[PDB]
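> my complex, first installment, coordinates as in the assembly:
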Amino acid sequence: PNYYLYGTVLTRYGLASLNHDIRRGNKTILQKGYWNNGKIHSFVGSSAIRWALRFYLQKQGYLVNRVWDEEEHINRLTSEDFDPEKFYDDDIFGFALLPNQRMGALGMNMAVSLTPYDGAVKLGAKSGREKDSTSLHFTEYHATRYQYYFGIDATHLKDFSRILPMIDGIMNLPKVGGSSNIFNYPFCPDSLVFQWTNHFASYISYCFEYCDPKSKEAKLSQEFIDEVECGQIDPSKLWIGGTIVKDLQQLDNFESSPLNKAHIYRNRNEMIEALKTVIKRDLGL
């Protein structure tokens, strides 16, 4: 009996220059690409969020094969023969080699800035009477919210109890690799759309969408609501939590809409407790 847990999570509003890409002498370009309507949005690589989860798992017990030496800023590997039955990271994120391999039990898309990117940069000349090179750096930044989508096959896990630490990690995501010195951007969720179903396909990949450039309302996308009303994407398996709950409860006719009978909580921790109880009951933990 396969069981999955998909989720679309939207972060807060803040100033971010997280991932970046190769510089051009001047400027540290935040990487970006096209999105809905062709407007350019700033991205955050999937490997970034996977690295953040690995760091979270390493920071709180939860034995990790791929330990990150903070002092040396390098990745040391404890046991060259990966053992998913023991190491959490090989159980979840998998591994690769020249047994032979193990597909990661976690797959997440790259994070997307909810609002299109406008040309924004930060001057960076370093203090000092002497003005030599390596001064006047430019840091392209973005004042938006980041929304990313993940999916885990809990069945593929070697230890079925490892789903819960991933839930705590995604809720308390420590840090996506970024200019924390200049732009400390928290990545904790502000509005969640979770679904725990035995179906392989979940049509909730990117449900937070507002556009409306330079704004933070972050309404639920119309297409997601239409899909919910259609009959598919069963509301009983839906879990809606965060600040979007307020806007949902301020929607007209919401008391009679099919979205009403979905698990809905303003408090994020109550959502997490209820979902974890359901998952533990279904998986027999």
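Okay, I see it. Numbers count the residues shown, from 1 in each chain, chains lettered A, B, ... in the order given.
> quick one: end-to-end distance for stretch A:204-222.
12 Å (CA to CA, to the nearest Å).
> pull out the buried residues from that stretch.
Neighbour-count burial for stretch A:204-222 flags A:204, A:205, A:206, A:207, A:208, A:209, A:210, A:218, A:219, A:220, A:221 (criterion: 16 or more other CB atoms under 10 Å). Heads up, the C-betas are built off the backbone N, CA and C, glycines and all.
> go ahead and flag the most central residue of chain A.
Most central in chain A under CA atoms, centre = their mean is residue A:148, positioned 4.4 Å from the mean C-alpha point.
> just give the closest residue to that residue, not the sequence neighbours.
Spatially, and ignoring its direct neighbours in sequence, residue A:148 is nearest to residue A:111 (3.7 Å; CB to CB, 6 or more residues apart in numbering).
> returning to that earlier point: for the residue nearest to the centre of chain A, give its distance to residue A:100.
Counting by CB to CB, to the nearest Å, the gap from residue A:148 to residue A:100 is 30 Å.
> how about residue A:60?
From residue A:60 to residue A:100 the distance is 30 Å (CB to CB).
> without its sequence neighbours, what residue ends up closest to residue A:18?
Nearest non-adjacent residue to residue A:18, counting by CB to CB, 6+ apart: residue A:178, 3.3 Å away.
> got the contact list for that neighbour?
A:16, A:17, A:18, A:19, A:20, A:44, A:48, A:185 (CB atoms under 8 Å, 6 or more residues apart in numbering).
> okay, chain B goes in next:
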Amino acid sequence: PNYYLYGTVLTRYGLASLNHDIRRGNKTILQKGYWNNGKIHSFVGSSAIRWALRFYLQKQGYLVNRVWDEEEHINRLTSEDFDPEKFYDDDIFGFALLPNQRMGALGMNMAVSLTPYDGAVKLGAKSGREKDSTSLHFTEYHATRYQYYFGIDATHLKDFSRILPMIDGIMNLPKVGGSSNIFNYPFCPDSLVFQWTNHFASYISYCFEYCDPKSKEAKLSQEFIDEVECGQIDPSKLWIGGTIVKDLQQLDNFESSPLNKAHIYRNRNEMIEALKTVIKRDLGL
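Putting chain B onto the chains we already have gives this:
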């Protein structure tokens, strides 16, 4: 454990021109960008506040690897090799010379203007009938309260006792890089929202909003209060002090809201003393 300190700080009201960007023609544009509601706001960079903290640590008598010669306006290195064990600035702010690098405990974000920037400008001209190309000039200024977000990792500090001087410096921040001759803008805090928790998730980033688009009112944001109501962000781990305390105490039903059972102090020094006592108890100092 893993304790962290997060806070959003609001400054007093005054005329500020602290972050002139690359000037055009005769006018010295101060750096600005978009923010809430799509209105242009003036930004003061986080590197400026990091420099101010470095200067505070230098002045108070702590080691500080980077010495700033005020008369020479130059920066000198006490030792070519960074030693985070011995130097406070290397411990906190990190380094990268290009071991070799440190992550850095203090993670600070930009200083946004609470009030949108209308475009006010000031003309300055050299006196005397003898007039040359450098005779007259225009300097852009803004009358606003500034708000920035910072986050530090107590565990990441090589010496845990170093968290006290950084807090003292934040509450007694020296001049932030700007134009003190004609726009002397004090950056001293007048309203704090501090969180000292073991979880990372932070919901106090930019929790301040204006009552009127052109005013010095500085009320607490609705999202922060609502999130405290809903159940997350435990009031026992909340620390609010400053001028916003009066507005919070004048709110209706305040004695029944969860805001009541949170650490609130009218005097900022008392709240800082209490938070410092809590930190010293938690980290065994």
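> chain B added, so what about the buried residues of stretch A:204-222 now?
A:204-210, A:214-216, A:218-221 (16 or more other CB atoms under 10 Å in any protein chain shown).
> which of these fall within helices?
Among these, no member falls in helices (DSSP state H).
> adding distance to chain B, write those residues out as TSV.
Putting those into TSV (distance: CB to the nearest CB, whole Å) gives the following:
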residue	distance to chain B
A:204	22
A:205	23
A:206	22
A:207	20
A:208	16
A:209	17
A:210	12
A:214	4
A:215	6
A:216	6
A:218	11
A:219	15
A:220	17
A:221	20
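> quick revisit: phi, psi of the residue nearest to the centre of chain A?
Backbone dihedrals for residue A:148, given as degrees, to the nearest 10, come out at phi -130, psi 160.
> hang on, the earlier thing: among the buried residues of stretch A:204-222, which lie within strands?
Nothing among the buried residues of stretch A:204-222 maps onto strands, per DSSP state E.
> farthest pair within the residues you listed?
A:204 and A:214 (26.3 Å; CB to CB).
> got the contact list for the residue nearest to the centre of chain A?
A:8, A:9, A:44, A:49, A:108, A:109, A:110, A:111, A:112 (CB atoms under 8 Å, 6 or more residues apart in numbering or on different chains).
> in which helix or strand does the fourth one reside?
Spelled out, it's residue A:49. helix A:46-59 (DSSP states H and E).
> so which elements touch that helix?
The helices and strands touching helix A:46-59, judged by 3 or more CB pairs under 8 Å, 6 or more residues apart in numbering or on different chains; DSSP states H and E, are strand A:66-69, helix A:88-92, strand A:106-108, helix A:163-171.
> here's chain C, drop it on:
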Amino acid sequence: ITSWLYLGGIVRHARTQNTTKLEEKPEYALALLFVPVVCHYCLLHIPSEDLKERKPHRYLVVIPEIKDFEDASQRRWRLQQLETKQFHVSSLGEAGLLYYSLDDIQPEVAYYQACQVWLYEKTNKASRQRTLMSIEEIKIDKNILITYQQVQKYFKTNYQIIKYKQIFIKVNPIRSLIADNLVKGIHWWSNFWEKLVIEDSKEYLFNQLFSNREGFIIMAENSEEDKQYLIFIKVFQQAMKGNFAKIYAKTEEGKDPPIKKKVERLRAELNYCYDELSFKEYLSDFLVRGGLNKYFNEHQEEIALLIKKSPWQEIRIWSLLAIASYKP
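Placing chain C onto the earlier chains gives this:
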């Protein structure tokens, strides 16, 4: 085979060099031997980097899609005629268009050519060898190519600065900007002023604007949406004509009227305006002082709505263009 034969065919995992190596039939291996002859090579100049302080080292490789052997041979032999100073470009699309610049244009035949541009650039200062940093596809139709020829004709060519063994080449950024927008399919006038003035305080390409302002106007004329702003340009030109007539009337006999000084004052006053209210105040006052304007009478509602709706920065930009484009 190896990367020297097929560009981009490096072995990702060196420890598996014997097994994970690209394999091909002998005839295709011969083709991979003889690829270098067809593809041309161009040098890329970073606009942000001063060419004086940085000699060009990025190499763009233009590889054309093949439709016929004879057509490709004739095209390559034609492109052999061009000067090296042309090959120095400021964008990948510029090099791609240059590869198809000498192609004959036939109005009965639907022209369509495709080529690949492969960017090779050292990752760092001390990089021993170049690495493939960008591949971009260019599909050129009739309209794009004729527009590019029009841009080449109106806009100035590269300045072949020559110094101590230093034959620097000054590429016009605008040409590239237009070319890029053309390839994008978006309006050429995406944001020329931004690049010409806002970004180009140094007037590196702003001078090109001065040299090619007519060309800019020409393309703007092509732009239908510009129409309203063209009518506003005529309105402001008529208003400044009236103001200059008033100054001429005020001018004493024998004295030289300071029309140049008045124009400089106009530019300074317009640049001084800091918000919507002050700029609109000054614009309306200047229009009133101009006198009876025929154009503003004919297009009353349209110009009024344009003033009411357009952001004041844009109206200031077009007013500055009107001042610069004034020609009695």
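> revisit the buried residues of stretch A:204-222 given that chain C is now included?
Quick answer for stretch A:204-222 (16+ other CB under 10 Å): A:204-210, A:214-216, A:218-221.
> ok, now stretch C:261-280?
C:266, C:270, C:273, C:274, C:279, C:280.
> circling back: now the helix holding residue A:49: buried residues?
A:46, A:48-59.
> one more: stretch C:196-212?
Quick answer for stretch C:196-212 (16+ other CB under 10 Å): C:196, C:197, C:199, C:200, C:204, C:205, C:206, C:208, C:209, C:212.
> between all of the residues you listed, which two are separated the most?
Largest separation among these by CB to CB: C:199 and C:212, giving 16.6 Å.
> remind me which helix or strand residue C:60 belongs to.
Here residue C:60 is assigned to strand C:58-64, by DSSP H and E.
> so after that strand, what's the next helix or strand?
Proceeding N to C from strand C:58-64, the next assigned helix or strand is helix C:69-79, under DSSP H and E.
> how far off centre is the very next helix or strand once past that following helix?
Scanning forward in sequence from helix C:69-79 by DSSP H and E, the next helix or strand is helix C:84-87. In this view, helix C:84-87 has its centroid 17 Å away from the chain centroid, taken as CA atoms, centre = their mean, to the nearest Å.
> same thing with stretch C:182-192?
For stretch C:182-192 - counting by CA atoms, centre = their mean - the centre lies 9 Å from the chain centre.
> start and end of it, how far apart?
13 Å.
> before we move on, what about stretch C:76-92?
First-to-last distance for stretch C:76-92 - CA to CA - comes to 18 Å.
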